[PDB]
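Undergrad: Opening piece of the complex, as it sits:
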Amino acid sequence: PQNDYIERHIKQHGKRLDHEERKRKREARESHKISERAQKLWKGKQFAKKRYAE
Amino acid sequence: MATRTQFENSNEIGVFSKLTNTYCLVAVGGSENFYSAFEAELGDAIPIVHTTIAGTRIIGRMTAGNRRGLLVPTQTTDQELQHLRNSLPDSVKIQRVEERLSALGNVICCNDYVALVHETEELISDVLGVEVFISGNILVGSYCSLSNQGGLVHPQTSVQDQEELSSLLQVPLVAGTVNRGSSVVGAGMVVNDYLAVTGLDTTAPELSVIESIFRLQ
């Protein structure tokens, strides 16, 4: 537990091989997941209120 | 030389082991680490016997013998005695103590030349071929260890007793702790003239003291 160990390890070795592609795919899928949640799901009312506030 | 080993994640090697210059006795079990503890330094130089006394893993605490012989308490079964006899050559003498008692390793500590105990004296001398003679300890065996090169005793041992035993034993004696300060010296390590086994908790000063007393270097 030093001042910065995870960051040091990442700099020395790097992130995961598919981290960028996986993150981009997750971001793309979030668009469809938002619609699925809106059409699905108390929880549904809260999600609708949050979306309206956004 | 001295080695650091374990048994079932337990550092009480002496409880489940009894080393001798010609053989070694260990408790039954599939733990390869315990066998490696004695096989690493010398390979298969001397036989290793996986057995038990009265069907217990405290064989180390229940056994008290030397390279020239072995002794077992009355509780030992006939089958176990036969297995021990088959597992050792005719050179090693094996006999059963018929006296009312069970803990032999916690009462008797001896080496290839001398033996210390809390008649049976003649039997002990004959089986081990050693002279039979600690600081008022209730259980000398559980808090003592001995070897031809040297011996180790509990830290609370009196200096006068250590000096007297060393003069009688003709070799130096040192009192120290084992397994990171544990006072049960006879339960945390087993040593012979050329191999010492100690638990993981054994700290560097304890290992150095054990090496120095037996003067391996």
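TA: Ah, there it is. Residues are numbered from 1 along each chain as shown, chains lettered A, B, ... in the order given.
Undergrad: what about residue B:79, how many neighbours?
TA: If you count neighbours by other Cβ atoms under 10 Å in any protein chain shown, residue B:79 ends up with 10. For every residue, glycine as well, the C-beta is placed using N, CA and C.
Undergrad: What strand or helix carries it?
TA: In this assignment (DSSP states H and E), residue B:79 forms part of helix B:78-87.
Undergrad: Give me the distance from that helix to the chain's centre.
TA: In terms of Cα atoms, centre = their mean, to the nearest Å, the centre of helix B:78-87 is found 19 Å from the chain centre.
Undergrad: just stretch A:2-19 next, same as before
TA: Chain-centre distance of stretch A:2-19: 19 Å, with Cα atoms, centre = their mean.
Undergrad: And residue B:89, how far from residue B:17?
TA: Using Cβ to Cβ, to the nearest Å, residue B:89 is found at 20 Å from residue B:17.
Undergrad: on that earlier part again, residues in contact with the helix holding residue B:79?
TA: B:25, B:47, B:49, B:51, B:52, B:53, B:54, B:55, B:70, B:72, B:94, B:96 (Cβ atoms under 8 Å, 6 or more residues apart in numbering or on different chains).
Undergrad: just the residues you listed now: which is nearest residue B:166?
TA: residue B:70 (25.9 Å; Cβ to Cβ).
Undergrad: a helix runs through that closest one, doesn't it?
TA: No. Counting by DSSP: H, G, I helix; E, B strand; the rest coil, one finds residue B:70 to be strand, located in no helix.
Undergrad: Run a quick neighbour tally on it.
TA: Residue B:70, neighbours per other Cβ under 10 Å, totals 25.
Undergrad: Enumerate every residue touching it.
TA: B:25, B:63, B:84, B:88, B:92, B:93, B:94, B:127.
Undergrad: Could you tell me which of those belong to helices?
TA: When the contacts of residue B:70 are checked against helices (DSSP state H), the matches are B:84, B:127.
Undergrad: Do a quick rundown of the strands in chain B.
TA: In chain B, the segments counted as strands under DSSP state E are B:2-4, B:17-19, B:24-27, B:48-51, B:69-72, B:93-96, B:108-110, B:114-117, B:131-132, B:144-146, B:151-153, B:173-175, B:189-191, B:196-198.
Undergrad: Packing partners of the last one?
TA: Okay, so that is strand B:196-198. strand B:2-4, strand B:189-191, helix B:204-214 (3 or more Cβ pairs under 8 Å, 6 or more residues apart in numbering or on different chains; DSSP states H and E).
Undergrad: Append chain C to the structure above:
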Amino acid sequence: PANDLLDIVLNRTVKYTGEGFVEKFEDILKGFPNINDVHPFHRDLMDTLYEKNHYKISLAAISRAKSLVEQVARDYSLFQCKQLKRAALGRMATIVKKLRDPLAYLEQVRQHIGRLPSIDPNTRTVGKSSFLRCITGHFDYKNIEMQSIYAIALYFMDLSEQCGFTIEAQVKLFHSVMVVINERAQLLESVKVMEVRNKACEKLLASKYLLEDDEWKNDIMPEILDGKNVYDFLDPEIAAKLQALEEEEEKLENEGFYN
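TA: Okay, here's chain C dropped in alongside the others:
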């Protein structure tokens, strides 16, 4: 944060909400170490890093919020008795919502304090990182400006002028302490790899079964014969007994005066 905690607490449902808020506040307060009471050395070290005034302000704000929530809970047709619950819940939510600043400040320090290079006070002590890595950090043997300055509560020098730092600056910055060295060369006297540690140790301390033959290794020795454990009496070639205890059945049974 404040918003997430409020939702988490309220999603489980009146005194239970207050009890949960009190428990969370106590865990936050007790879990966090008091900056002004840890230890003099560590207290000062934390002071140089974090805003001690802001830390105390956040702790006081959390305590006051907990006290206000407890006070509100203690103080507290169908609609008439129903509106009271909504009013109390809204009061609690409004009180909790005022913790965004102290909680935001505590978020930064909560993670930082979890992986500090903290060591016990009793522990013995120009590109010094290279030497630090080489030596070992635990080596058991046998705001930035103020943080660095607090080392007063060893020094390193370079014979050359590596890193672009002037020798005069190094000499001036010096003003027991051991100096390690990797008109210009004469001013160095104004001060007055394990070898250095060895020298400093002074002050640091002052601070398988066989048989007779393997011909019959396959024998099992049943150990029982007609219900008697004969193994205990399996003596080798008992010639005297074989006659003494076997001739009786003919020599003495002939008389047979048992009746």
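Undergrad: back to what packs on strand B:196-198, now that we've got chain C?
TA: Checking 3+ Cβ pairs under 8 Å, 6+ apart, strand B:196-198 ends up next to strand B:2-4, strand B:189-191, helix B:204-214.
Undergrad: The ones you listed: which one's closest to chain A?
TA: Closest approach to chain A among these is made by helix B:204-214 (25.2 Å; Cβ to the nearest Cβ).
Undergrad: Could you check which residue of chain A lies nearest chain B?
TA: For chain A, Cβ to the nearest Cβ, closest residue to chain B: residue A:1, 24.2 Å.
Undergrad: tell me the contacts of that residue?
TA: By Cβ under 8 Å, 6+ apart, the residues touching residue A:1 are C:114, C:115, C:116, C:117.
Undergrad: Contacts (any at all) between chain C and stretch B:58-65?
TA: No. Taking Cβ under 8 Å from any Cβ of the partner chain as the criterion, stretch B:58-65 and chain C are apart, separated by no less than 14.9 Å.
Undergrad: Next, the contact list for residue B:187, please.
TA: Contacts of residue B:187 by Cβ under 8 Å, 6+ apart are B:12, B:13, B:14, B:15, B:60, B:61, B:142, B:178.
Undergrad: May I see the contacts of residue A:1 arranged in JSON lines, with distance to chain A, secondary structure and neighbour count as well?
TA: Below are these laid out as JSON lines (distance: Cβ to the nearest Cβ, whole Å; DSSP: H, G, I helix; E, B strand; the rest coil; neighbours: other Cβ atoms under 10 Å in any protein chain shown):
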{"residue": "C:114", "distance to chain A": "7", "secondary structure": "helix", "neighbour count": "8"}
{"residue": "C:115", "distance to chain A": "4", "secondary structure": "helix", "neighbour count": "13"}
{"residue": "C:116", "distance to chain A": "7", "secondary structure": "coil", "neighbour count": "14"}
{"residue": "C:117", "distance to chain A": "6", "secondary structure": "coil", "neighbour count": "8"}
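Undergrad: what would the residues you listed look like in a markdown table with distance to residue C:32?
TA: Formatted as a markdown table, the contacts of residue A:1 follow (distance: Cβ to Cβ, whole Å):
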| residue | distance to residue C:32 |
| --- | --- |
| C:114 | 11 |
| C:115 | 15 |
| C:116 | 13 |
| C:117 | 19 |
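Undergrad: and which of those residues is nearest residue B:207?
TA: After measuring the contacts of residue A:1 against residue B:207 - Cβ to Cβ - the closest member comes out as residue C:117, at 29.8 Å.
Undergrad: Skipping its backbone neighbours, what lies nearest the closest one in space?
TA: In space, and not counting its chain neighbours, residue C:117 is closest to residue A:2: 6.1 Å by Cβ to Cβ, 6 or more residues apart in numbering or on different chains.
Undergrad: next up, chain D:
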Amino acid sequence: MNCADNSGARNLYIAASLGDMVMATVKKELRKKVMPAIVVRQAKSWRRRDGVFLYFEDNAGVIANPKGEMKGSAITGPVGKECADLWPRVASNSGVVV
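TA: Below, chain D sits with the chains from the block before:
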């Protein structure tokens, strides 16, 4: 039950059987002091896996910290075979077994 160590305790006070560890108190400064204890004798015979019906003279046990550190330096009287093997610490201070 009687105490199975040389600590001098008159008696021990709290189903638990031989080899089981439960909280115990020294009924007779130690009054109302709770400490784990291990039963070494129960004066009753059960169906042993070895087939031998063991027996004892009286109920007995040892008082020790949660890790099993024996308070005394020795054990008075016999110790159950199962208990002695189960606890290496008890075996070290055990003098006789059954």
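Undergrad: same question on the contacts of helix B:78-87, but now with chain D added
TA: Outside helix B:78-87, the residues touching it (Cβ under 8 Å, 6+ apart) are B:25, B:47, B:49, B:51-55, B:70, B:72, B:94, B:96, C:208-211, C:223, C:229, C:231-232.
Undergrad: Would you list the buried entries among these?
TA: Among the contacts of helix B:78-87, those classed as buried by 16 or more other Cβ atoms under 10 Å in any protein chain shown are B:25, B:49, B:51, B:52, B:53, B:54, B:55, B:70, B:72, B:94.
Undergrad: what about stretch C:47-55, start to end distance?
TA: One end of stretch C:47-55 to the other measures 10 Å (Cα to Cα, to the nearest Å).
Undergrad: tell me which residues of it are tucked away?
TA: Neighbour counts over stretch C:47-55 (16+ other Cβ under 10 Å) mark C:47, C:49, C:50, C:55 as buried.
Undergrad: Distance check, residue B:116 against residue C:54.
TA: 70 Å.
Undergrad: who are the neighbours of the helix of greatest length in chain C, in terms of helices and strands?
TA: If you go by DSSP H, chain C has its longest helix at helix C:52-75. When contacts are defined as 3+ Cβ pairs under 8 Å, 6+ apart, helix C:52-75 packs onto helix C:15-31, helix C:78-97, helix C:100-112.
Undergrad: and that helix with helix C:78-97, angle?
TA: Counting by axes from the mean of the first three to the mean of the last three Cα atoms, to 10 degrees, helix C:52-75 lies at 170 degrees to helix C:78-97.
Undergrad: what comes up buried for helix C:52-75?
TA: Neighbour count says helix C:52-75 has C:55, C:58, C:59, C:61, C:62, C:65, C:66, C:69, C:72, C:73 buried, by 16+ other Cβ under 10 Å.
Undergrad: Also stretch B:87-101?
TA: Quick answer for stretch B:87-101 (16+ other Cβ under 10 Å): B:87, B:88, B:92, B:93, B:94, B:97, B:101.
Undergrad: And stretch C:104-123, by the same measure?
TA: C:105, C:106, C:109, C:113.
Undergrad: And for stretch B:21-40?
TA: In terms of neighbour count (16+ other Cβ under 10 Å), stretch B:21-40 has its buried residues at B:21, B:23, B:24, B:25, B:26, B:27, B:31, B:34, B:35, B:37, B:38.
Undergrad: before we move on, what about stretch B:118-132?
TA: In stretch B:118-132, counting by 16+ other Cβ under 10 Å, buried: B:123, B:124, B:127, B:128, B:130, B:132.
Undergrad: tally of neighbours for residue D:23?
TA: Under the neighbour criterion other Cβ under 10 Å, residue D:23 is assigned a count of 11.
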